[PDB]
Structure formats: structure tokens, C-alpha cells
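Colleague: Enclosed is the structure file protein_12.pdb (PDB, C-alpha atoms and all ligand atoms).
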MODEL        1
ATOM      1  CA  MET A   1     114.737  39.401  95.712  1.00  0.00           C
ATOM      2  CA  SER A   2     112.226  42.249  95.946  1.00  0.00           C
ATOM      3  CA  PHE A   3     114.929  44.576  97.266  1.00  0.00           C
ATOM      4  CA  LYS A   4     113.818  47.864  98.823  1.00  0.00           C
ATOM      5  CA  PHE A   5     115.345  51.197  99.837  1.00  0.00           C
ATOM      6  CA  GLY A   6     116.819  50.648 103.287  1.00  0.00           C
ATOM      7  CA  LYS A   7     116.951  53.206 106.090  1.00  0.00           C
ATOM      8  CA  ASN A   8     119.832  54.947 104.315  1.00  0.00           C
ATOM      9  CA  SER A   9     118.392  54.663 100.805  1.00  0.00           C
ATOM     10  CA  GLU A  10     114.872  55.730 101.775  1.00  0.00           C
ATOM     11  CA  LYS A  11     116.484  58.812 103.317  1.00  0.00           C
ATOM     12  CA  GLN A  12     118.800  59.603 100.404  1.00  0.00           C
ATOM     13  CA  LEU A  13     115.803  59.830  98.072  1.00  0.00           C
ATOM     14  CA  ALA A  14     113.647  61.391 100.789  1.00  0.00           C
ATOM     15  CA  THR A  15     116.178  64.229 100.882  1.00  0.00           C
ATOM     16  CA  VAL A  16     116.085  64.864  97.132  1.00  0.00           C
ATOM     17  CA  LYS A  17     114.837  68.278  96.014  1.00  0.00           C
ATOM     18  CA  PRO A  18     112.908  67.234  92.878  1.00  0.00           C
ATOM     19  CA  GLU A  19     110.566  64.261  92.505  1.00  0.00           C
ATOM     20  CA  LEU A  20     113.006  62.067  90.580  1.00  0.00           C
ATOM     21  CA  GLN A  21     112.834  59.584  93.456  1.00  0.00           C
ATOM     22  CA  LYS A  22     109.285  58.831  92.314  1.00  0.00           C
ATOM     23  CA  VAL A  23     110.426  57.104  89.123  1.00  0.00           C
ATOM     24  CA  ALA A  24     113.001  55.193  91.168  1.00  0.00           C
ATOM     25  CA  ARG A  25     110.418  53.735  93.549  1.00  0.00           C
ATOM     26  CA  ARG A  26     107.924  52.881  90.808  1.00  0.00           C
ATOM     27  CA  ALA A  27     110.720  51.541  88.604  1.00  0.00           C
ATOM     28  CA  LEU A  28     111.670  49.069  91.336  1.00  0.00           C
ATOM     29  CA  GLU A  29     108.306  47.405  90.715  1.00  0.00           C
ATOM     30  CA  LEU A  30     107.691  48.268  87.061  1.00  0.00           C
ATOM     31  CA  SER A  31     111.091  46.946  85.986  1.00  0.00           C
ATOM     32  CA  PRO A  32     111.612  43.163  85.719  1.00  0.00           C
ATOM     33  CA  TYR A  33     114.441  42.922  88.250  1.00  0.00           C
ATOM     34  CA  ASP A  34     114.581  44.900  91.494  1.00  0.00           C
ATOM     35  CA  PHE A  35     117.362  47.388  92.235  1.00  0.00           C
ATOM     36  CA  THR A  36     119.197  48.748  95.277  1.00  0.00           C
ATOM     37  CA  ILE A  37     119.944  52.427  95.875  1.00  0.00           C
ATOM     38  CA  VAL A  38     123.592  53.453  96.214  1.00  0.00           C
ATOM     39  CA  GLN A  39     123.451  57.246  96.452  1.00  0.00           C
ATOM     40  CA  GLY A  40     120.779  59.931  96.304  1.00  0.00           C
ATOM     41  CA  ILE A  41     121.743  63.149  98.069  1.00  0.00           C
ATOM     42  CA  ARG A  42     124.966  64.588  99.485  1.00  0.00           C
ATOM     43  CA  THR A  43     124.943  65.091 103.255  1.00  0.00           C
ATOM     44  CA  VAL A  44     126.720  67.871 105.145  1.00  0.00           C
ATOM     45  CA  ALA A  45     129.628  65.476 105.664  1.00  0.00           C
ATOM     46  CA  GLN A  46     130.207  64.415 102.057  1.00  0.00           C
ATOM     47  CA  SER A  47     130.784  67.646 100.133  1.00  0.00           C
ATOM     48  CA  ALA A  48     131.990  69.065 103.448  1.00  0.00           C
ATOM     49  CA  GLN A  49     134.665  66.478 104.236  1.00  0.00           C
ATOM     50  CA  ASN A  50     135.420  66.189 100.519  1.00  0.00           C
ATOM     51  CA  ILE A  51     138.148  68.749 101.201  1.00  0.00           C
ATOM     52  CA  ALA A  52     139.802  66.353 103.648  1.00  0.00           C
ATOM     53  CA  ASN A  53     142.341  65.420 100.973  1.00  0.00           C
ATOM     54  CA  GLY A  54     144.222  68.687 101.390  1.00  0.00           C
ATOM     55  CA  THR A  55     143.265  71.479  99.003  1.00  0.00           C
ATOM     56  CA  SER A  56     140.783  73.496 101.062  1.00  0.00           C
ATOM     57  CA  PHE A  57     140.815  76.538  98.779  1.00  0.00           C
ATOM     58  CA  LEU A  58     139.428  74.454  95.914  1.00  0.00           C
ATOM     59  CA  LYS A  59     136.519  73.268  98.058  1.00  0.00           C
ATOM     60  CA  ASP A  60     133.892  72.333  95.471  1.00  0.00           C
ATOM     61  CA  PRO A  61     133.132  68.584  95.355  1.00  0.00           C
ATOM     62  CA  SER A  62     130.688  68.696  92.444  1.00  0.00           C
ATOM     63  CA  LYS A  63     132.114  65.815  90.409  1.00  0.00           C
ATOM     64  CA  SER A  64     128.510  64.637  90.109  1.00  0.00           C
ATOM     65  CA  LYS A  65     125.005  66.116  90.075  1.00  0.00           C
ATOM     66  CA  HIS A  66     124.067  64.839  93.534  1.00  0.00           C
ATOM     67  CA  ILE A  67     125.056  68.310  94.734  1.00  0.00           C
ATOM     68  CA  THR A  68     121.965  69.844  93.137  1.00  0.00           C
ATOM     69  CA  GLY A  69     119.963  66.784  94.135  1.00  0.00           C
ATOM     70  CA  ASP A  70     118.863  66.435  90.518  1.00  0.00           C
ATOM     71  CA  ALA A  71     120.336  62.953  90.101  1.00  0.00           C
ATOM     72  CA  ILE A  72     120.843  59.633  91.884  1.00  0.00           C
ATOM     73  CA  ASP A  73     122.747  56.355  91.579  1.00  0.00           C
ATOM     74  CA  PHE A  74     121.331  52.831  91.810  1.00  0.00           C
ATOM     75  CA  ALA A  75     122.287  49.205  91.177  1.00  0.00           C
ATOM     76  CA  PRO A  76     120.466  46.470  89.213  1.00  0.00           C
ATOM     77  CA  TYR A  77     119.436  43.673  91.574  1.00  0.00           C
ATOM     78  CA  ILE A  78     119.141  40.147  90.183  1.00  0.00           C
ATOM     79  CA  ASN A  79     118.910  36.661  91.688  1.00  0.00           C
ATOM     80  CA  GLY A  80     118.634  38.260  95.115  1.00  0.00           C
ATOM     81  CA  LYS A  81     122.092  39.738  94.596  1.00  0.00           C
ATOM     82  CA  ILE A  82     123.740  42.788  93.032  1.00  0.00           C
ATOM     83  CA  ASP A  83     124.426  42.338  89.318  1.00  0.00           C
ATOM     84  CA  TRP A  84     127.390  44.559  88.456  1.00  0.00           C
ATOM     85  CA  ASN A  85     128.807  42.123  85.901  1.00  0.00           C
ATOM     86  CA  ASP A  86     125.488  41.146  84.323  1.00  0.00           C
ATOM     87  CA  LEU A  87     125.071  44.298  82.233  1.00  0.00           C
ATOM     88  CA  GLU A  88     122.469  42.319  80.286  1.00  0.00           C
ATOM     89  CA  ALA A  89     119.837  42.804  82.988  1.00  0.00           C
ATOM     90  CA  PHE A  90     120.962  46.414  83.399  1.00  0.00           C
ATOM     91  CA  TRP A  91     119.246  47.049  80.065  1.00  0.00           C
ATOM     92  CA  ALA A  92     115.886  45.693  81.221  1.00  0.00           C
ATOM     93  CA  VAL A  93     116.266  47.535  84.528  1.00  0.00           C
ATOM     94  CA  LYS A  94     117.349  50.927  83.195  1.00  0.00           C
ATOM     95  CA  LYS A  95     114.730  50.699  80.446  1.00  0.00           C
ATOM     96  CA  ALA A  96     112.166  50.918  83.246  1.00  0.00           C
ATOM     97  CA  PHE A  97     113.631  54.201  84.485  1.00  0.00           C
ATOM     98  CA  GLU A  98     113.216  55.914  81.114  1.00  0.00           C
ATOM     99  CA  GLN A  99     109.800  54.327  80.574  1.00  0.00           C
ATOM    100  CA  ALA A 100     108.665  55.238  84.087  1.00  0.00           C
ATOM    101  CA  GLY A 101     109.684  58.865  83.661  1.00  0.00           C
ATOM    102  CA  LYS A 102     107.616  59.224  80.498  1.00  0.00           C
ATOM    103  CA  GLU A 103     104.489  57.858  82.178  1.00  0.00           C
ATOM    104  CA  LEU A 104     105.045  59.598  85.516  1.00  0.00           C
ATOM    105  CA  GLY A 105     106.243  62.745  83.773  1.00  0.00           C
ATOM    106  CA  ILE A 106     109.297  62.841  86.025  1.00  0.00           C
ATOM    107  CA  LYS A 107     112.456  64.152  84.361  1.00  0.00           C
ATOM    108  CA  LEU A 108     114.579  61.066  83.698  1.00  0.00           C
ATOM    109  CA  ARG A 109     117.293  60.520  81.089  1.00  0.00           C
ATOM    110  CA  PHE A 110     120.666  58.785  80.793  1.00  0.00           C
ATOM    111  CA  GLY A 111     123.817  59.643  78.868  1.00  0.00           C
ATOM    112  CA  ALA A 112     123.203  57.434  75.843  1.00  0.00           C
ATOM    113  CA  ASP A 113     122.727  60.130  73.202  1.00  0.00           C
ATOM    114  CA  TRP A 114     125.737  62.187  74.284  1.00  0.00           C
ATOM    115  CA  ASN A 115     128.008  59.378  73.093  1.00  0.00           C
ATOM    116  CA  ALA A 116     125.870  58.744  70.011  1.00  0.00           C
ATOM    117  CA  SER A 117     127.282  62.021  68.694  1.00  0.00           C
ATOM    118  CA  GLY A 118     130.432  60.169  67.681  1.00  0.00           C
ATOM    119  CA  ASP A 119     131.934  57.295  69.653  1.00  0.00           C
ATOM    120  CA  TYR A 120     131.077  55.464  72.876  1.00  0.00           C
ATOM    121  CA  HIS A 121     132.614  57.634  75.596  1.00  0.00           C
ATOM    122  CA  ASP A 122     130.432  56.153  78.338  1.00  0.00           C
ATOM    123  CA  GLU A 123     132.200  52.844  77.706  1.00  0.00           C
ATOM    124  CA  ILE A 124     128.997  50.805  77.486  1.00  0.00           C
ATOM    125  CA  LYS A 125     131.038  47.925  76.071  1.00  0.00           C
ATOM    126  CA  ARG A 126     133.234  47.890  79.176  1.00  0.00           C
ATOM    127  CA  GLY A 127     130.257  47.497  81.491  1.00  0.00           C
ATOM    128  CA  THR A 128     130.673  50.647  83.570  1.00  0.00           C
ATOM    129  CA  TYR A 129     128.008  52.691  85.354  1.00  0.00           C
ATOM    130  CA  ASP A 130     128.930  55.793  83.357  1.00  0.00           C
ATOM    131  CA  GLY A 131     125.402  56.173  82.020  1.00  0.00           C
ATOM    132  CA  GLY A 132     123.871  54.385  84.983  1.00  0.00           C
ATOM    133  CA  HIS A 133     123.672  57.627  86.950  1.00  0.00           C
ATOM    134  CA  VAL A 134     120.198  59.071  86.385  1.00  0.00           C
ATOM    135  CA  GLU A 135     119.580  62.823  86.448  1.00  0.00           C
ATOM    136  CA  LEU A 136     116.843  65.316  85.572  1.00  0.00           C
ATOM    137  CA  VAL A 137     116.789  66.710  82.034  1.00  0.00           C
TER     138      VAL A 137
HETATM  139 ZN    ZN B 201     126.614  58.960  90.611  1.00  0.00          ZN
ENDMDL
END
Please render this file's structure as C-alpha cells.
Modeller:
Amino acid sequence: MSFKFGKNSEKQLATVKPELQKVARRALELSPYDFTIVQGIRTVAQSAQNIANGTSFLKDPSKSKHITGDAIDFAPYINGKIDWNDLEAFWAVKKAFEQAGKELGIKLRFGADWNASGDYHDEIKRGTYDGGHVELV
């Protein structure tokens, strides 16, 4: 319990361009259940070695927003352990990210409205981290 950004996590966020990391740190406390950082910024080995597969001409590993450092990925911590199956808590945890961004002013928003347009493309019923990824809006 009371998880905190390790040496790798603290760095990932410490390498972010914007101040989105702020909401993350505060959220860890504000939110009911702690959370562990998974990814924050892309090093010179990630997007660089991303072309290790084969296609070097199509070198452009921008599948996410981490490239622009305007987004990060985290995991909802519960019972002193990672809760990837307990999406229930994910609601109380993520809710802190959106609530923390409004008070801190930091740009924070998830992909919950994008799917509202028609159907659930994020697959919130499946329990995926589709919308989990937080980015600046
Ligand atoms: Zn991500």
C-alpha cells in the first residue's frame, strides 16, 4: 500500500515536457487507492529500437502519445497489489485524475466521450486500459 514512483517511474515523469506529471503525483494521494506508474516518456532506446522489427524506412513508433510527452500510463494499486482485473477500483482511481486536473489546472482527460459518440470502442466492458492512458487535452 501507499505505492510510489520508483527510480524508473520518478524519472519517466521527471522527463515529461508538460506538467501532467503533477496531477499524477497528487492523484496518488487524492485518490482512494494508490497507483503505480507504468510508462511516462519514451527514451532514446524505445522509439529508436522500435525499428528493430525490420522495416527501417517506416521508422516512426508513434502508436501512442508518449512521443510528444503529452501523455502517460499508470496502474490502479489496491490491497498492496496491482488491480488489473478489479476495474471497479479503476473508477475511483481514474476519477481522481480528472478531478485533480480541474483543481490543479493541469490538462487531463480520458477517452470516454470519444466512444460516447456512438458505441463503446474503448471496450470499457472488457476491462481494458484503452481509456486508462491519460493525455493532455
Ligand atoms: Zn499508453
Colleague: Starting from the PyMOL selection byres (((chain A and resi 90) around 12) and not hetatm), expand the selection into actual residues of this file and give them as an MDAnalysis selection string.
Modeller: chainID A and resid 31:35 74:78 82:89 91:97 124 127:129 131:132
Colleague: Using the chain letters and residue numbers of this document, give as a VMD selection string the residues selected by the PyMOL selection byres (((not hetatm)) within 7 of (chain B and resi 201)).
Modeller: chain A and resid 39 64 72 to 73 133
Colleague: In terms of the shortest atom-to-atom distance over only C-alpha atoms, which of A:106, A:13, A:58, A:20 is closest to residue 38 in chain A?
Modeller: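 Smallest distance to residue 38 in chain A is found for A:13.
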Colleague: Between A:1, A:23, A:28, A:134, which is the closest to residue 103 in chain A once you count all atoms listed in the file?
Modeller: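 Of A:1, A:23, A:28, A:134, the one nearest residue 103 in chain A, counting all atoms listed in the file, is A:23.
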Colleague: I'd like the residues picked by the PyMOL selection byres (((chain A and resi 18) around 12) and not hetatm) written out as a PyMOL selection string, using the chain letters and numbers from the file.
Modeller: chain A and resi 13-17+19-23+40-41+66+68-72+106-108+135-137
Colleague: Which residue gives the smallest distance to residue 10 in chain A among A:42, A:63, A:109, A:25, with only C-alpha atoms counted?
Modeller: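 Answer, going by the shortest atom-to-atom distance: A:25.
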Colleague: Go ahead and compute the interatomic distance for CA of residue 62 in chain A and CA of residue 50 in chain A, in Å to one decimal.
Modeller: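 Value for the CA of residue 62 in chain A-CA of residue 50 in chain A distance: 9.7 Å.
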Colleague: Emit as AutoDock Vina command-line options the padded axis-aligned box for all listed atoms of range 56-74 of chain A, 8 Å per side, with centre and edge lengths in Å to one decimal.
Modeller:
--center_x 129.8 --center_y 64.7 --center_z 95.6 --size_x 38.0 --size_y 39.7 --size_z 27.0
Colleague: Looking at all atoms listed in the file, which of A:53, A:100, A:4, A:48 is the one that sits closest to residue 30 in chain A?
Modeller: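 Among the listed residues, the smallest separation from residue 30 in chain A belongs to A:100.
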